[PDB]
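> I have a structure I would like to understand better, so I am pasting it below and will then ask my questions one at a time.
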Amino acid sequence: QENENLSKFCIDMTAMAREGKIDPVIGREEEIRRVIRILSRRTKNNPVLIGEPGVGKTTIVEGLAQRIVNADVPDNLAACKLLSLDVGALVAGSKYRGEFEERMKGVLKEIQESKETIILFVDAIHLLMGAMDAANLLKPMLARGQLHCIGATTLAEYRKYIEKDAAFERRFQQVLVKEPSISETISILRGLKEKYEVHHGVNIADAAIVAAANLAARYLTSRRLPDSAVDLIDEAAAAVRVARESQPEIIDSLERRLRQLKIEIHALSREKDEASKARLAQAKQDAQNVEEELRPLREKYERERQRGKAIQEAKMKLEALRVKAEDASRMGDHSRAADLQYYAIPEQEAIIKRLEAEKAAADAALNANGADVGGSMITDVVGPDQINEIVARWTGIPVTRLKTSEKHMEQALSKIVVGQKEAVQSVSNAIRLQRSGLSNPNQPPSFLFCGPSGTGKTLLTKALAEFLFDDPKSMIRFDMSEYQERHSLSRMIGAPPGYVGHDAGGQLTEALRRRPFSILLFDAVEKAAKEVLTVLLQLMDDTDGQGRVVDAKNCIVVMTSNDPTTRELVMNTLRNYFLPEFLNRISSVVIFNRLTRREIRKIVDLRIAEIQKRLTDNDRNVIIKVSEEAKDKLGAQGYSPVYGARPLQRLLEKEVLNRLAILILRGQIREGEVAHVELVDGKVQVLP
Amino acid sequence: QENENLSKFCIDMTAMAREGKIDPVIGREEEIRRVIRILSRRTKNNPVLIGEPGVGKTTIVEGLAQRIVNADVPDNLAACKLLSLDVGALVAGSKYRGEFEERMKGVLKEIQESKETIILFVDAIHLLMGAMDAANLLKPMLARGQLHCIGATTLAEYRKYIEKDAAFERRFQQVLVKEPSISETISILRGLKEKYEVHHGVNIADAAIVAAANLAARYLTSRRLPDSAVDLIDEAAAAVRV
Amino acid sequence: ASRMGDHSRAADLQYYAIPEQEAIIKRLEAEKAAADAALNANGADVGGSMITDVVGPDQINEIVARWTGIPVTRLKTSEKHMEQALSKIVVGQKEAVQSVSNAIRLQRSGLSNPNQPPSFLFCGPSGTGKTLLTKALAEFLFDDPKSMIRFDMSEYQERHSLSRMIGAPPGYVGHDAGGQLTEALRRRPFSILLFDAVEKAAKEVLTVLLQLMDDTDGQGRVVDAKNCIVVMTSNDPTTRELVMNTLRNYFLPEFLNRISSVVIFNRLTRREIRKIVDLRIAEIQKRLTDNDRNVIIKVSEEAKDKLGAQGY
Ligand SMILES: Nc1ncnc2c1ncn2[C@@H]1O[C@H](COP(=O)(O)OP(=O)(O)O)[C@@H](O)[C@H]1O
Ligand SMILES: Nc1ncnc2c1ncn2[C@@H]1O[C@H](COP(=O)(O)OP(=O)(O)O)[C@@H](O)[C@H]1O
Ligand SMILES: Nc1ncnc2c1ncn2[C@@H]1O[C@H](COP(=O)(O)OP(=O)(O)O)[C@@H](O)[C@H]1O
Ligand SMILES: Nc1ncnc2c1ncn2[C@@H]1O[C@H](COP(=O)(O)OP(=O)(O)O)[C@@H](O)[C@H]1O
């Protein structure tokens, strides 16, 4: 009937469903079959697909309505119309008081009168009320009008605006969908590689995608897997188009000098002082040979390029095949079903002919490609490597860990963190239990990092954060004495049993998920009212079928506390603090070392080799030299058990550095002059 | 074909590109090359250039087609037409209910029917949905009409109106282009010193620009560095003429 | 000629074409001798110049000098040290100015440039100079005095009103709620930052201060940044230790070390107060000498001794 407020403000997700524009969502059979039976309840009969942006909670309804027009839907409301009310178009609606609800009330009778057997997907459903956007119109219409709809927005906004009254939850039961794994994406990414390779015109052999979605495993969870794998893979298909088709520069820059000198012979045939004749012969015959050489490739390669446009069309040809039979039987009108399909699908097989030649043609221009220094013609063959650069270019340092594990941690952790001989070892020895798969228990890799009040407890947390996962933003650093006792300790909210992040603010509750592959740390052992201390226990070592609740977390955890003798002292002074059960249920409790000479001396090398980086990374190049005589003033002042080793940096500035750049601005040490610093009384410089 | 709804409301950038009126964009090879590959995606295939006012994010669309009309572009949609849709040009003459969308409705089929391989960089693209300027016509168009466009508005206008729903992000991924520094300006003012010495009739030895772009370093970073510096330098080359 | 593929006029036009370039050097030989020799002829008596086509480091300087600020003072400084100005303008805080001077030269010089900006815990008596040192240096570490956004932390005392001030959330920058910080991170690039009441921190802004001072989109679809110099304020090392431990009742011990040097302000004495008495009459002569009339002002110590003690 009328489709106006439908059509101009919402799009039918059954249009591309009967048609086939929308990419065929393959798996997800868990949520698809359910929402059918949810939308068929008496109570809680409007499913809400709450989840992250990319999990497929629009793809869910995209594959939901797909198989509704084709085959599978109960003859109770089968092969009907589902329209996606995209409210982003009503967000920016006309101007005055309301002027959105009056346009909304138009959608209402449209759906109430024009064939009531109609479903509605709605994107970012919370905004219709919570926002100015008011959706007060549900109360009779969800009862009297009996509309059928599916929401799609993160439950974080379900916890905000979808629980206002009884009509809110009693009419919408929430359908949880959170994240597919590296093996769940690849499985669902197997079926949608069909649609995403053709819009680009590329053929990947196998290993770009496994390199892709498993690189999308740990890094671009910032924009997590199911829409970052397809974002990433679009670029890997989009990488080669500008590569194979751009007629490689090895050819294109070669011909600009040729036409420079060759076409010059044309007009140079006019009578001038005949110092021109020599340039004719020199530009005729030196440019005549090079003519013969570029003539084969720029055609026979562009003949391979000719097959490329021919095959992309040769494939997009087959697109019309599947859309025909689906509608041939959709209405049950086989008057055109059989007669149209018989002719030839082997347009598929009428095209290998182009492939037989081109296959020998991709690498034979490479076969011909070698005469001098080594240029590379990238053709359509994007591979395990071809994806690695996109990670390398966009996300982080170039391919170092990508190609390391594809085709041991101790030496790296210790050439960066010099102390704690067995501690790094014990951490490494306990970390290989979890990430390898040897034994996977309920608890994450828990550590009670206890040591002297400073010099390395959180420091070992940084060195492994780069190597148990990658990012340094995956550490939320805190001190337990920021929220000393019960009240301010109850302010920090990590994971309440029923609600996660409802009302009160914590850097933990949803920040559990803000850093998935991450470390966690809190530094003040003595600040615990022994209830947060225990809800820690039931979250480390210890969900909705229809219970209507959610909670989870998994990462690595290292608890911090500001020759086993003093251990038992701590163990029993931690008996004066903790429960005996607690001290065994985390892990082998691990201990940090004190400050000595040999460890302090190499960190002096680590702060002058660092001060050389911030010297070498800028413009000027000034060479730095320091002997033991100046070193022994700060070396003893450096290891400071009463405060820590952070005073190394403070008095490095207050003693070392401020007497350094002064001589650059005074004129004693220039950029080519060497700076020596000796200590007799006040550690002054010299240049002997 | 017909150029009315195009020409009287928008300017085809790629005109001067063939000619050389548009000043040659020098560096920025990072942002120029990508939007090609962005506009070639399946998902997030319409670049939105969020950045600061003057640093050079229309040169980017100017140097894109430049090295496209001269030499370099894959044979997939090469040396085609990009037009600068100035929505300020749709403001005049539109008074009644709409009177803008009907002038939009003219731009739509003009680009969908007359040689579909056509891109449009659009200035302050946020205004077409954010502003009574409405670009609600996307929903069939970015899907059925499959247009090729590049937005330009400071991320303040992306954070306002370019995040309404998924079609905003799933079709527009934002291309950050922020600011070429004093040695990047000298680098970007290196390549654009050719064009700016003749319109004024001046010969600078070296030290006007390094003193200027490094004096606009700290003071006229107010409005921005490379376009208060290339403004400033137009004052210093225009200084001598009088 | 090659833009389509028809080279019917490509070469024929270019062959005899290019020599115009070399036709303009003949003219140049003369004109070069003509630009500054007309300058050579200009001198017989006093008072006059020739300005020719030669726009230069100076020729731009006036545009800076005329347009942007006071005339050419800092432009020609480096062309052919901070204490005397800072101290002849801000008379107290002997080592504080120095310690500020000693810690500021780490960043803007390039000797060592860490993730954190030149952070300062500007702490001193609750008044008489806390924000005062901030103005004199802002004019010399960068240029504008509008590059100072002043606020008070007890204007937004505790958590809720503290959550109103939005400085830099992890994903969105300045999206919905109003704060004088989020995009004001970018409003003042060459700038100072300061807030005076540390104790109004619920220890979440304090650490997102820390995690933003001490620490963006490849494909993550997110943005955040800020960088300037920062000076943090709090309303014979004895009482220092008191602070360092009374700051334990407030801050985290880690926090008190991640700011490079904690720096201290001095009290009010006679010699520091008496030169500021001279600095308010040397200004009152400026606002006397800057207008039309000329009235000379003289006051003895006896009148000064009423307000001198009432002054500090
Ligand atoms: N069953 C499925 N089969 C194939 N692809 C799927 C499936 N479910 C989800 N997807 C993927 O989800 C992506 C789109 O995510 P989207 O629908 O925007 O998520 P959401 O609706 O949660 O924001 C597509 O790139 C598609 O590859
Ligand atoms: N193993 C180590 N190697 C080098 N430097 C260290 C080491 N442990 C601590 N530091 C120094 O300690 C400072 C930070 O103190 P930290 O050890 O992080 O205290 P906490 O771990 O209690 O937060 C850093 O500046 C760093 O130079
Ligand atoms: N890659 C580049 N090539 C040439 N000029 C540039 C480049 N980047 C910045 N510029 C400078 O920025 C100036 C104007 O920037 P424009 O491109 O008009 O920016 P916006 O629209 O952000 O205001 C140009 O005149 C040029 O002087
Ligand atoms: N070293 C100084 N030199 C000059 N004036 C000073 C100095 N210290 C304090 N003052 C005086 O302090 C007043 C400003 O107080 P201020 O210290 O800025 O308060 P707050 O730091 O709480 O903002 C000015 O009127 C000025 O006369």
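As shown in the structure tokens, the chain order sets the letters A, B, ...; within each chain, residues go from 1, and ligands are also counted from 1 in the order they appear.
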Select residues of chain C: the criterion is any atom within 9 Å of an atom of chain B, counting only C-alpha atoms; output as a VMD selection string.

chain C and resid 3 51 to 61 63 to 64 68 to 69 75 142 to 144 172 to 176 187 to 190 217 221

> Can you write just those residues out, N, CA and C atoms, as an mmCIF file, in the first residue's frame?


data_model
loop_
_atom_site.group_PDB
_atom_site.id
_atom_site.type_symbol
_atom_site.label_atom_id
_atom_site.label_comp_id
_atom_site.auth_asym_id
_atom_site.auth_seq_id
_atom_site.Cartn_x
_atom_site.Cartn_y
_atom_site.Cartn_z
ATOM 1 N N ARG C 3 47.802 13.935 -23.271
ATOM 2 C CA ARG C 3 46.705 13.730 -22.328
ATOM 3 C C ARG C 3 45.608 12.841 -22.908
ATOM 4 N N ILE C 51 63.357 50.752 -1.693
ATOM 5 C CA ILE C 51 62.881 49.392 -1.475
ATOM 6 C C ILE C 51 62.550 48.801 -2.836
ATOM 7 N N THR C 52 63.281 47.758 -3.204
ATOM 8 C CA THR C 52 63.081 46.997 -4.422
ATOM 9 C C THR C 52 62.557 45.593 -4.091
ATOM 10 N N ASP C 53 62.498 44.744 -5.117
ATOM 11 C CA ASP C 53 61.719 43.508 -5.180
ATOM 12 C C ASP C 53 62.133 42.411 -4.194
ATOM 13 N N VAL C 54 63.003 42.726 -3.232
ATOM 14 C CA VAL C 54 63.866 41.754 -2.553
ATOM 15 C C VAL C 54 63.313 41.238 -1.221
ATOM 16 N N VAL C 55 61.984 41.088 -1.105
ATOM 17 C CA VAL C 55 61.325 40.684 0.141
ATOM 18 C C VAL C 55 62.088 39.589 0.871
ATOM 19 N N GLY C 56 62.386 39.844 2.140
ATOM 20 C CA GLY C 56 63.369 39.097 2.883
ATOM 21 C C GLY C 56 62.976 38.826 4.319
ATOM 22 N N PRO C 57 63.890 38.185 5.065
ATOM 23 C CA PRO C 57 63.654 37.947 6.502
ATOM 24 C C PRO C 57 63.206 39.186 7.236
ATOM 25 N N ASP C 58 63.777 40.343 6.889
ATOM 26 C CA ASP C 58 63.289 41.602 7.435
ATOM 27 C C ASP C 58 61.944 41.958 6.813
ATOM 28 N N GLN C 59 61.860 41.933 5.476
ATOM 29 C CA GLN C 59 60.648 42.350 4.770
ATOM 30 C C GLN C 59 59.397 41.634 5.257
ATOM 31 N N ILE C 60 59.541 40.431 5.804
ATOM 32 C CA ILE C 60 58.399 39.790 6.441
ATOM 33 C C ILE C 60 58.263 40.267 7.876
ATOM 34 N N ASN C 61 59.381 40.610 8.516
ATOM 35 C CA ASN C 61 59.367 40.915 9.942
ATOM 36 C C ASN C 61 58.373 42.015 10.274
ATOM 37 N N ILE C 63 55.552 42.648 8.853
ATOM 38 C CA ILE C 63 54.229 42.040 8.840
ATOM 39 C C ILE C 63 53.964 41.340 10.158
ATOM 40 N N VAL C 64 54.944 40.592 10.654
ATOM 41 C CA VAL C 64 54.873 40.154 12.039
ATOM 42 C C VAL C 64 54.857 41.364 12.966
ATOM 43 N N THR C 68 51.268 41.261 14.097
ATOM 44 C CA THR C 68 51.172 40.318 15.207
ATOM 45 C C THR C 68 52.103 40.755 16.338
ATOM 46 N N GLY C 69 51.561 41.533 17.276
ATOM 47 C CA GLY C 69 52.282 41.895 18.489
ATOM 48 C C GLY C 69 53.054 43.201 18.413
ATOM 49 N N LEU C 75 61.929 38.491 16.826
ATOM 50 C CA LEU C 75 62.242 38.068 15.465
ATOM 51 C C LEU C 75 63.744 38.133 15.189
ATOM 52 N N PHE C 142 56.261 30.956 24.939
ATOM 53 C CA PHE C 142 55.472 31.117 23.733
ATOM 54 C C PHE C 142 55.062 32.581 23.725
ATOM 55 N N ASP C 143 54.014 32.930 22.995
ATOM 56 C CA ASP C 143 53.750 34.354 22.897
ATOM 57 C C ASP C 143 52.440 34.830 23.515
ATOM 58 N N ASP C 144 51.328 33.989 23.516
ATOM 59 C CA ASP C 144 50.196 34.862 23.837
ATOM 60 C C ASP C 144 49.729 34.689 25.282
ATOM 61 N N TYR C 172 35.962 9.382 22.803
ATOM 62 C CA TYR C 172 35.435 10.642 22.306
ATOM 63 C C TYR C 172 36.178 11.789 22.974
ATOM 64 N N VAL C 173 36.338 12.890 22.245
ATOM 65 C CA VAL C 173 37.183 13.960 22.760
ATOM 66 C C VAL C 173 36.320 14.977 23.496
ATOM 67 N N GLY C 174 35.443 15.657 22.764
ATOM 68 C CA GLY C 174 34.601 16.703 23.315
ATOM 69 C C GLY C 174 33.168 16.540 22.874
ATOM 70 N N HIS C 175 32.692 15.298 22.857
ATOM 71 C CA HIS C 175 31.492 14.985 22.094
ATOM 72 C C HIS C 175 30.264 15.719 22.617
ATOM 73 N N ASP C 176 29.806 15.371 23.815
ATOM 74 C CA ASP C 176 28.492 15.814 24.274
ATOM 75 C C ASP C 176 28.529 16.853 25.389
ATOM 76 N N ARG C 187 42.663 24.435 21.496
ATOM 77 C CA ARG C 187 42.474 25.873 21.305
ATOM 78 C C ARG C 187 43.769 26.652 21.501
ATOM 79 N N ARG C 188 44.631 26.214 22.421
ATOM 80 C CA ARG C 188 45.889 26.900 22.724
ATOM 81 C C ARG C 188 47.074 25.951 22.553
ATOM 82 N N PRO C 189 47.714 25.907 21.354
ATOM 83 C CA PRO C 189 48.820 24.955 21.142
ATOM 84 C C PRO C 189 50.064 25.305 21.945
ATOM 85 N N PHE C 190 50.532 26.541 21.780
ATOM 86 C CA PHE C 190 51.680 27.069 22.519
ATOM 87 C C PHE C 190 51.132 27.766 23.755
ATOM 88 N N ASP C 217 44.629 7.259 15.345
ATOM 89 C CA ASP C 217 43.853 6.312 14.536
ATOM 90 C C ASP C 217 44.677 5.803 13.358
ATOM 91 N N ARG C 221 39.634 4.158 14.512
ATOM 92 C CA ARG C 221 38.478 5.056 14.414
ATOM 93 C C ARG C 221 38.272 5.841 15.716
#

> Would you please give, as JSON, numbers by chain, all residues of range 1-217 of chain C that DSSP assigns to strand (DSSP E) based on the backbone?

{"C": [120, 121, 122, 123, 148, 149, 192, 193]}

> If we count only C-alpha atoms, which residues of chain B reach to within 12 Å of chain A? Please list them as a PyMOL selection string.

chain B and resi 30+33-45+68+71-78+97-98+126-140+143-144+146+160-171+173+183

> Give the residues close to ligand 1, within 6 Å, counting only C-alpha atoms and all ligand atoms; write them as a list in words.

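Using only C-alpha atoms and all ligand atoms, everything at most 6 Å from ligand 1 comes to residues 25, 26, 27, 28, 51, 52, 53, 54, 55, 56, 57, 58, 59, 60, 188, 189, 191, 192, 226, 227 and 230 of chain A.
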
> Within 7 Å of ligand 3 (counting only C-alpha atoms and all ligand atoms), which residues show up? I'd like them as a VMD selection string.

chain B and resid 23 to 28 51 to 60 188 to 189 191 to 192 226 to 227 230

> Those residues you just picked out, can you put them in a file as a JSON list (two decimals), in the first residue's frame with C-alpha atoms?


[["chain", "number", "residue", "atom", "x", "y", "z"],
["B", 23, "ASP", "CA", 48.25, 25.05, -7.54],
["B", 24, "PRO", "CA", 50.30, 21.79, -7.58],
["B", 25, "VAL", "CA", 49.95, 19.93, -4.32],
["B", 26, "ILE", "CA", 53.43, 18.86, -3.28],
["B", 27, "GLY", "CA", 53.73, 16.45, -0.36],
["B", 28, "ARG", "CA", 50.74, 14.83, 1.32],
["B", 51, "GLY", "CA", 40.99, 18.34, 9.67],
["B", 52, "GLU", "CA", 41.89, 21.97, 10.45],
["B", 53, "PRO", "CA", 41.11, 25.06, 8.22],
["B", 54, "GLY", "CA", 43.92, 25.76, 5.76],
["B", 55, "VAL", "CA", 46.64, 23.16, 6.32],
["B", 56, "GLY", "CA", 45.67, 21.98, 2.83],
["B", 57, "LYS", "CA", 42.72, 19.38, 2.67],
["B", 58, "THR", "CA", 41.30, 20.73, -0.62],
["B", 59, "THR", "CA", 44.77, 20.66, -2.25],
["B", 60, "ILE", "CA", 44.55, 16.96, -1.30],
["B", 188, "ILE", "CA", 54.88, 22.11, 1.50],
["B", 189, "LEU", "CA", 55.93, 25.74, 0.86],
["B", 191, "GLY", "CA", 56.63, 22.81, -3.65],
["B", 192, "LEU", "CA", 54.17, 25.75, -3.68],
["B", 226, "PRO", "CA", 50.53, 26.16, 6.69],
["B", 227, "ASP", "CA", 47.61, 28.42, 5.70],
["B", 230, "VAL", "CA", 50.91, 30.82, 3.00]]

> Quick one: of A:116, A:470, A:292, A:264, who's nearest to chain C, counting only C-alpha atoms?

A:264

> Would you kindly report the residues of chain C within 10 Å of chain A, using only C-alpha atoms, as number ranges by chain?

C: 2, 7-16, 81, 99, 101-103, 105-106, 109-114, 159-160, 163, 170, 202-204, 207-208, 210-211, 215, 217-222, 248-255, 257-262

> Taking only C-alpha atoms and all ligand atoms and a cut-off of 6 Å, can you tell me which residues surround ligand 4, written as an mmCIF file with N, CA, C and O atoms, in the first residue's frame?


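Just written: out07.cif:
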data_model
loop_
_atom_site.group_PDB
_atom_site.id
_atom_site.type_symbol
_atom_site.label_atom_id
_atom_site.label_comp_id
_atom_site.auth_asym_id
_atom_site.auth_seq_id
_atom_site.Cartn_x
_atom_site.Cartn_y
_atom_site.Cartn_z
ATOM 1 N N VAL C 90 59.317 39.653 38.094
ATOM 2 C CA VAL C 90 58.809 38.856 39.213
ATOM 3 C C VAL C 90 59.968 38.724 40.193
ATOM 4 O O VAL C 90 60.910 37.958 39.950
ATOM 5 N N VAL C 91 59.887 39.437 41.316
ATOM 6 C CA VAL C 91 61.096 39.736 42.082
ATOM 7 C C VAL C 91 61.508 38.603 43.023
ATOM 8 O O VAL C 91 62.705 38.414 43.277
ATOM 9 N N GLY C 92 60.565 37.816 43.531
ATOM 10 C CA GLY C 92 60.871 36.770 44.484
ATOM 11 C C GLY C 92 61.278 35.454 43.845
ATOM 12 O O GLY C 92 61.595 35.362 42.658
ATOM 13 N N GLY C 127 48.909 32.066 48.845
ATOM 14 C CA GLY C 127 48.848 33.259 48.015
ATOM 15 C C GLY C 127 50.177 33.968 47.803
ATOM 16 O O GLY C 127 51.233 33.461 48.196
ATOM 17 N N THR C 128 50.125 35.154 47.188
ATOM 18 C CA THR C 128 51.303 35.986 46.928
ATOM 19 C C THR C 128 52.314 35.248 46.044
ATOM 20 O O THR C 128 53.440 34.945 46.451
ATOM 21 N N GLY C 129 51.885 34.946 44.818
ATOM 22 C CA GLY C 129 52.805 34.554 43.760
ATOM 23 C C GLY C 129 52.535 33.214 43.098
ATOM 24 O O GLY C 129 53.329 32.810 42.237
ATOM 25 N N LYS C 130 51.465 32.493 43.441
ATOM 26 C CA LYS C 130 51.270 31.153 42.893
ATOM 27 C C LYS C 130 51.055 31.206 41.385
ATOM 28 O O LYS C 130 51.823 30.622 40.611
ATOM 29 N N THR C 131 50.013 31.914 40.946
ATOM 30 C CA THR C 131 49.786 32.126 39.522
ATOM 31 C C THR C 131 50.654 33.245 38.951
ATOM 32 O O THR C 131 50.735 33.379 37.726
ATOM 33 N N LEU C 132 51.335 34.021 39.801
ATOM 34 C CA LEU C 132 52.026 35.217 39.324
ATOM 35 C C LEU C 132 53.219 34.870 38.441
ATOM 36 O O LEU C 132 53.479 35.554 37.444
ATOM 37 N N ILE C 276 57.967 45.135 45.251
ATOM 38 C CA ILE C 276 56.654 45.093 44.616
ATOM 39 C C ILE C 276 55.876 46.367 44.925
ATOM 40 O O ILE C 276 55.033 46.795 44.127
#
